[PDB]
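Trainee: sequence first, structure after; it's an experimental one.
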Amino acid sequence: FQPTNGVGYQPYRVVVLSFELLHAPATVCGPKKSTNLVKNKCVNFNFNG
Amino acid sequence: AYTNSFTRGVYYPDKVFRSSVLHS
């Protein structure tokens, strides 16, 4: 790695984020807020995605 | 030595609950 090297030979930093989708409880969530819960009425539910 | 693994070694293949069903 020299500064005069061609871009193909220049250093690149790489980060790979790996996550498995919904099959169990979760601990990494997005910024979405929450709301109270209502029963005995047809509603749109979104539990952990 | 050897022994017979009668019916042991079955484990929940998924972390999803099910009930009263025969799942393959």
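Mentor: Received it, and whenever you're ready, just let me know what you need. Residues are numbered from 1 along each chain as shown, chains lettered A, B, ... in the order given.
Trainee: end to end, how far does stretch A:32-46 reach?
Mentor: 11 Å (C-alpha to C-alpha, to the nearest Å).
Trainee: residue B:22: neighbour count?
Mentor: Residue B:22 has 5 neighbours, counted by other C-beta atoms under 10 Å in any protein chain shown. (Each C-beta comes from the backbone N, C-alpha and C, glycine too.)
Trainee: ah, wrong one, I meant residue A:13
Mentor: Residue A:13 has 4 nearby residues by other C-beta under 10 Å.
Trainee: what parts of chain B come near chain A?
Mentor: Selection of chain B residues close to chain A by C-beta under 8 Å from any C-beta of the partner chain yields B:14, B:15, B:16.
Trainee: just put the residues you listed in TSV and tack on distance to residue A:37 and secondary structure.
Mentor: Shown next, in TSV, are the residues of chain B next to chain A (distance: C-beta to C-beta, whole Å; DSSP: H, G, I helix; E, B strand; the rest coil):
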residue	distance to residue A:37	secondary structure
B:14	27	coil
B:15	24	coil
B:16	22	coil
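Trainee: now those: which count as buried?
Mentor: Among the residues of chain B next to chain A, none counts as buried by neighbour count (16 or more other C-beta atoms under 10 Å in any protein chain shown).
Trainee: closest to residue A:26 out of those?
Mentor: For the residues of chain B next to chain A, the minimum distance to residue A:26 (C-beta to C-beta) is 11.2 Å, reached by residue B:15.
Trainee: so the closest one makes contact with residue A:24?
Mentor: Yes - using C-beta atoms under 8 Å, residue B:15 is in contact with residue A:24, at 4.0 Å.
Trainee: re the thing from before, which one of the residues of chain B next to chain A is nearest to residue A:36?
Mentor: Scanning those for proximity to residue A:36, where the rule is C-beta to C-beta, the winner is residue B:16, at 26.7 Å.
Trainee: what sits against that closest one?
Mentor: Listed by C-beta atoms under 8 Å, 6 or more residues apart in numbering or on different chains, the contact partners of residue B:16 are residue A:23.
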